[PDB]
Amino acid sequence: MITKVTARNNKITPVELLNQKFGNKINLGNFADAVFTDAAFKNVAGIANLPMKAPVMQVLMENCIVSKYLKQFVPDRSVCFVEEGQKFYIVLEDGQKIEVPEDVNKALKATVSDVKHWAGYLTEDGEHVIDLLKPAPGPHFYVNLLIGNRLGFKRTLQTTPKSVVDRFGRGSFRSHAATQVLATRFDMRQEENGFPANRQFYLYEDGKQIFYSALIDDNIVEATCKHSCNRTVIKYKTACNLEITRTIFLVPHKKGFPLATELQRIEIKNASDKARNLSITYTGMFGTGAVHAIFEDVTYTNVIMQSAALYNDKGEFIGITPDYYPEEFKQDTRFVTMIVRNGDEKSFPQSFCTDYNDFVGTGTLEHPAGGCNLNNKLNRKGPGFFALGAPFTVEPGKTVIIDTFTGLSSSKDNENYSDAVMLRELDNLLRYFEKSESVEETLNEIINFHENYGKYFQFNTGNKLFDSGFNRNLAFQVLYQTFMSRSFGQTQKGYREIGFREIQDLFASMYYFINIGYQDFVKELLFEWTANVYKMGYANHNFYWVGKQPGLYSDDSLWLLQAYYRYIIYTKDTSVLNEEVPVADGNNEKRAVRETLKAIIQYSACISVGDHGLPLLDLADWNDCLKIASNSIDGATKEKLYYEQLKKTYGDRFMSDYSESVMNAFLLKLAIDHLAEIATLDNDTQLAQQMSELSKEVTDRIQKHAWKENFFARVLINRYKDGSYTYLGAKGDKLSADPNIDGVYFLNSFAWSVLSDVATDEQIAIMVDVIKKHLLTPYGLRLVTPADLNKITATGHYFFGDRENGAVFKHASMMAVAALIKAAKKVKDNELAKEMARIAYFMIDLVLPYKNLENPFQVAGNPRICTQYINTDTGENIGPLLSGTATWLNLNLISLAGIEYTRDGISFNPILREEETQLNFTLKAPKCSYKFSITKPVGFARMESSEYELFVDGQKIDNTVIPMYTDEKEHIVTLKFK
Amino acid sequence: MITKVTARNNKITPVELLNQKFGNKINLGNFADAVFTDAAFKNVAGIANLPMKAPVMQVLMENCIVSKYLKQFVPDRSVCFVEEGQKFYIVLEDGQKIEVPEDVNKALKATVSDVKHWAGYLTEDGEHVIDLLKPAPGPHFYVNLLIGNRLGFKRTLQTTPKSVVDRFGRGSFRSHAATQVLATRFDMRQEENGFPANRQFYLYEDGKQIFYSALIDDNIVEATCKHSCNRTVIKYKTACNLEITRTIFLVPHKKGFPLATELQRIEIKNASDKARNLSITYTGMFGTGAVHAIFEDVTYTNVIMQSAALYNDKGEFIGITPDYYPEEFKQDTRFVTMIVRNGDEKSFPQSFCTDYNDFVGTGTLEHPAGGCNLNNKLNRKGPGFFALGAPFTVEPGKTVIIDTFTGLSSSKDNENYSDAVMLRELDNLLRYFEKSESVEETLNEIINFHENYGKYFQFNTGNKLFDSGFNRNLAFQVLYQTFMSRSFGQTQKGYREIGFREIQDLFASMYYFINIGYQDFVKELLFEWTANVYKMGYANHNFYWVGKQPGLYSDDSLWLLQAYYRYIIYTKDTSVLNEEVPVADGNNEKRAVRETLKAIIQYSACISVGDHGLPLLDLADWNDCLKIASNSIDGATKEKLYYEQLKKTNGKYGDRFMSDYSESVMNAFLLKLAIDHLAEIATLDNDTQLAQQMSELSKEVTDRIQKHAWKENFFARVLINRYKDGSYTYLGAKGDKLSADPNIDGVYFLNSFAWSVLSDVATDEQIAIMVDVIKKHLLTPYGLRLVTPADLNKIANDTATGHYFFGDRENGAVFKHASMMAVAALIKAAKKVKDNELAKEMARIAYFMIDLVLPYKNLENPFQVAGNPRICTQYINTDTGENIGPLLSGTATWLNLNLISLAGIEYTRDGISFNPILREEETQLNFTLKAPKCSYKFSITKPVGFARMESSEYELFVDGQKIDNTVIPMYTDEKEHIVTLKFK
Ligand SMILES: [Cl-]
Ligand SMILES: [Cl-]
Ligand SMILES: [Cl-]
Ligand SMILES: [Cl-]
Ligand SMILES: [Cl-]
Ligand SMILES: [Cl-]
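If you read the sequences in order, they're chains B and A.
The first sequence runs 1 to 649, 653 to 795, 799 to 984 under the entry's author numbering.
First residue of the second sequence: 1, per the entry's author numbering; consecutive thereafter.
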């Protein structure tokens, strides 16, 4: 009787209906916008010929003049606005073209003025300038990510502060782990990361509110946000002629500082001919220490704390701290302080509120009723809401500066901890920043540290958006992910530990740290990860202060050999192999890095193998949503069963019918090759020979049992005596959920068969054909083809296009691009190479953040930060902002530029775009420098198949391995393809 | 170097500083208010002579005129406003008394106008009338609780809908368990139970916003909320002369209805001389099915759903449902519909929005930029925000009615479930409510069901606030807690299962249900609880669809005998004992109720006992924050160890389970009572052998307690057996050596006293002694606290620290539930003890404690005491006197029992044992009492002073026959019986 129509099942869209109605009467262009005028969807109001997709109608319908005019026609008639000439006209299905009245025309003209830049634009330095009134392409588009700096201090990974900042400065701020300084919000909308008050302030004049930092009213004439590397600057101009600048950054750690401090500087310039007496109220919400109790017992979170006030030596109020009763929430101590700088004079706040209800009173957060006159009452309960007040006079043409310091001290950086330690550290912070210029100097330390950091690799091309995008923005993101893994962002808000696997981030950032003198830090990290390997060779799946989930996932330890291979090959520092690092098993057991690397290979090569001598899948490997195994087991559980098996009968096979992971075999084969080269370089001929032979034995196992006519299988299945299911991931697996596709195909089977150097040239060609047929979509390379794994009872969680139901997972797509690039350099068939390169560049174009500003309202994403996946139904780039995408994009762009590090130096083999005639970049090495220049005619060119000349400091060279020089001089490398 | 000053400090308060400065210069009256004018606390601005405590200064400082005036004096100098005549003056420390300017005087006069009623007031019917501008005494004060009605349908406990509504209609709404219909919010503030948009709407005129249901602006002239039993009515009058009425209630279940529906009716009357063309936009946020993912993965919650639109037979849009991909979130289906009634004609909404960002756009939720012209775009993603729009014209003097229906259908009430079932059920709902008067009729069904429900017991005294407070409000709360246990309220928002123990609620509500013909329902509940007892006699600690945590807590099964004793004694229905109910062990095993009650007693009396033959404490008993035991065990774990012990011993089932585990004295009292109960039941069932057996076992247990648990001062709480040392022997009396207060020898638990008397173990000499101890150490100016300070770290495995500041919860609060159990004991003793002076004193303490718990009294001094004037709260902070939530606790249940006990009603085998204990100042008490097959009118008169039947001269008559013993039979002649008691 009643009918249901879903958003996806709805037939025509508004724009398609507009075309059906007006397509043969006016030129609609190729972009238009429209909305249905009624709940039944029979008519549309639209606007024609836009320069790109944009929600123009929704911005128009905010205008009162325009909605009144349309009301004469809508909802009972369809309509389209057209600028046919330079006046606007309204057009009806009945042919009429009516000139709209002058005020409607003024408003339409103004609305459609700057549509090309509604999502903002990028400066030449890669910074995102955003208008605060314009709509958002999506919830991650207008977001920036900040990070502190604890390099050279205790426990860098675990103690580096981090925050998220949107275009109005909203969001939140953390110290160690998921410790909240400013309150995170866990609610319905992705846009709401923080409690709304966080970082916001009000200005008053004569008892009247005239400004709120997060409300654009008629008093605001200009309002812009600029997101840069590790700071955000938000600028306003009011009609009363004030110029307000908010600058937000995290303080780099110094001796004696709190573990975490966020600095917001507020500059207020009076651009008028008269002095003005104003007051500022600065607001925010401290995070609770009892995060779980937010869901389970909110009253608890409130009663366990009370507000407290801070006073200096002269009895002057300076700030607020939330005081906790339970000892478990007393190991961190939060604070907020404000300094008002009026020329010479510095002063502190004169009033405060610590109760949200008294502050808002009868009004709202945008217009609080108790916001000017603060009651100075310390709240006996939480939550830790604060409001700090101060009056001040700004003389004509002059500026007053308000510096706020918000932060946390912690036992994690201090022995014998109490709140006394916070008080000392806060004093150190405030003394260090007594001078006004002290803040500008630190901001410039930050800017310069990051500019310096990126100089490991600089592109210098005819495209400043790409250059700045890689040279600054991507460099920063790969730094960020080295410290933060996947643990914090706009929509990453829950507690996450560091994934053993996510040592991948170090694959890219390594070279950056080494080249600004932090080689010991990279060493530190290798060792921290190495301490999470058990004697038997498996790894803790996660660790933070301490490791957990021992050998839960089969792949983890294998990643470590790539990290070490990368470090040792680059620095030649073999001494790392003799280091005695704790084993994850505990006691006080230590083991030489060398013997650990041998144990990891032995676990996957000899012990935890299946019927075909390939590594066991266990619960799962890299692919987390591939859960099959009938009664998988831990590494600890396996260890105990392994030793009983040995009694009932070290290094022999653990017997079982468990499935085998082909991906792991590829990781293993690569790991072994890596160890061989390492041994050779370490002058250990026996280990090098042993591993070299083991590499051949594993290659033959894969080639014989995993190549399935079409593709490398993903999983080998051994538990059906039946022979009913034998493998998954190639033709004849009998597991497809698409009738048009025989078999299931995983992108990583291809990617790792090439990255491990197992696939022959004929097999690569074959797999590339399959990929073009079935994994390549108009939005890139999807992870897997549709599968029916129920045959070995879980249903899907996602509509088509999202995540595991057919998305382009950009991290996996970049691992596949790495394989394509590697193959394009080596395969004999130049035509195959050309095509693999085309695919690589096609996929890179879909991932480069800056390109999200071409068609931002369809593609969304974030123009400075890589996002996780592309919805294959809409093309939208979907968060989170932290993923393996940035790491592998970085590696890939450097690979395309031709840089690969080997034992004898740099193997130089660039693959440029067909249309490029020139590529230039600079490269730092620890004890030298390089300038590279590559020229070629239009068309596909590579060293394996084109004529070329290579010069190093003007001397023609036949050897394409360029040595790592140590003379501290800049070396000119020139490559001319004929 | 830097100094820290917490909110808890010994510094002078603002009011005390005001007194120090102005006390000898102006009359400050009895009450004043003040605030510090600066962050250093050196000066105050205040106002003198208020009729009660109130945040008058804070309300004044909202006024722009007044804060400007004060700025001439503050912050550098102190000040006090004083009214002299009809003019206001400002007074300085330097004596000057300055007349304030006329606009400041206008504003001060208006502010201080109605200060006595700033927290609202109660109608004679016990309804709370609240002004929407005035401040809140606390986060639970302005809150109402609503409930559906699934009586006579499947699984009543688990399927009854419930919602919470504050004075602006904010909050949320649930179906089964913690299934959200409208979205709950889990954030920093206790005031924020729901997503802000829930239940709110906007009115437009000529494309201009003129009204928002949750914003009081200059256009609003009056704005009032009325909270009644199971509905809330919110009224507004605008300056443009509209009268808006919002009525909110939950729909009682009917055949074919959705499992949960909330109805909000919006009436808009044009009180002007011209027609007006308006439109309404009705908003809200559907709850997600993926609650955990709100913390763990918010993007997930968004992508797993999309919006969908609903259309009737004529292709007319009627509403929105959120459509889910994953099967796990497709077993419930939510909807929202709106009907606009303009006289005879009904119409449906003409537009919608399902995207919060498009709706708010450039503005805010209070003033949305996209709120008038809705884009009609179905959102491909969540969250399930909705906005429904409709234009309408209201003629002069006429009213239009907008009915909204929000709800959920579920597989939990339907086999072979799909969203098609929702569509059918929604159609049944909309057909049933086609006629305008259909809504008023259902509201009246609700009003009348509750008025009828309360007629089990009606007080008719010279105090309407007390009468309505007990007769309607408390009746309702005890109903609510029978269905909801402790699972939902303003600040109870997480998932909670039903505690075996919380069958206590049925102790009070039982009689109410029976007396409106729902005796089977009470029977159903007894049986549902009985199915969670295992063969061996222990119980699942929690159950919802299914039971869990088998014999985790030692007390649970013991409560069941009180429920049955209460049912059987009242109805005489012994047939319940032959009923075959499933055992919690599963298979298809059933057992007779009779043998289960025997198994419970055997478990605690014979099997799970310690060295002194008293029941084991195990992990814990009633007191959850009493965790000690070195390596406690489950009942299932115990069972398995018990059967191997019997093998390695040649034992007989029923022998003792051997261990050094501690014993619970509270459980011994529960046991002793349980056994007495079983004896009386057997006697009534004509089972003379069981009755004799239990009577003897009651004596044997009484001697064990009396010999091993009485410790010169008090009954111990716990007996400790694991120290060969003899280093610690007991906890809960003098010489236990476990006090954390140097001034107190020993630790004293309120429940040791309470249950020693409720079980009838304590002698008269022991009661006198314990009452002395209680007056010394447990009685505070804010009532009876649960326990005295203890140092349990000496005997626990842990090294636990406290979580609470002094006064809150386990650090010294008055837990009102425990205080009401102690008052029950005081009342029982006051009736029986030989010493009349002791009785008099116990009765004073009882009434003193009841006065601190009666909700209506929270409106005397509301801004210190807070609470809620219609609903009992959980505890009183012993530092401030504030009544703190949640709104659901054992307090209401035991308050109900206690007030009925004081009125003199106790049910026994021979009928009603009538022994009233009136207040000293009362000269008269009247009430009516329903019984299943008769009725009673009671009248009691006495002179001023303490009076009781054990020690005063009196006459007692029944219709006109003198009674000499206290017993009034339960008549069955369907007539009203007049009972008169005259104390001389
Ligand atoms: Cl994969
Ligand atoms: Cl994110
Ligand atoms: Cl990822
Ligand atoms: Cl207790
Ligand atoms: Cl509550
Ligand atoms: Cl309780």
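Note that CB positions come from ideal geometry on N, CA and C, so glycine has one too.
Three-state secondary structure assigned by DSSP to residue i
{"i": "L888 of chain B", "result": "coil"}
{"i": "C606 of chain A", "result": "helix"}
{"i": "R265 of chain A", "result": "strand"}
{"i": "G194 of chain B", "result": "strand"}
{"i": "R594 of chain B", "result": "helix"}
{"i": "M305 of chain B", "result": "strand"}
{"i": "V100 of chain B", "result": "coil"}
{"i": "residue 985 of chain A", "result": "Chain A is shown only over 1 to 984; residue 985 of chain A falls outside these bounds and no answer can be derived."}
{"i": "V59 of chain B", "result": "helix"}
{"i": "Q490 of chain B", "result": "coil"}
{"i": "residue 1038 of chain B", "result": "Because residue 1038 of chain B is not part of the residues shown, which for chain B are 1 to 984, the question remains open."}
{"i": "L673 of chain B", "result": "helix"}
{"i": "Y538 of chain A", "result": "coil"}
{"i": "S438 of chain A", "result": "helix"}
{"i": "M285 of chain B", "result": "strand"}
{"i": "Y954 of chain B", "result": "strand"}
Distance between beta carbons of residue j and residue i, contact taken as under 8 Å
{"i": "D33 of chain A", "j": "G46 of chain A", "result": "6 Å"}
{"i": "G547 of chain B", "j": "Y603 of chain B", "result": "About 16 Å; that fails the 8 Å criterion."}
{"i": "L902 of chain A", "j": "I845 of chain A", "result": "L902 of chain A to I845 of chain A, Cβ: 13 Å. No contact."}
{"i": "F348 of chain A", "j": "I339 of chain A", "result": "7 Å"}
Identified DSSP bridge partners for residue i
{"i": "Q706 of chain B", "result": "Partner(s): none; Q706 of chain B has no beta bridge."}
{"i": "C353 of chain B", "result": "B:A387"}
{"i": "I234 of chain A", "result": "A:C225, A:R246"}
{"i": "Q180 of chain B", "result": "B:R174"}
{"i": "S410 of chain B", "result": "B:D332"}
{"i": "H777 of chain A", "result": "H777 of chain A is not bridged to any residue."}
{"i": "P322 of chain A", "result": "A:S307"}
Can you list the residues near ligand 1, meaning Cβ strictly closer than 7 Å to any non-hydrogen atom, in the order they appear in the chain? B:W622, B:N623, B:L626, B:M666, B:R717, B:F749, B:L750, B:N751, B:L786, B:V787, B:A818
Closer than 9 Å between beta carbons: that is the criterion. Which residues of the segment 787-806 of chain A meet it against chain B? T801, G802, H803, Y804, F805
Listed from N- to C-terminal order along the chain, which residues in the segment 176-204 of chain A have their beta-carbon within a distance smaller than 8 Å of any beta-carbon of chain B? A183, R185, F186, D187, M188, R189, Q190, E191, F195
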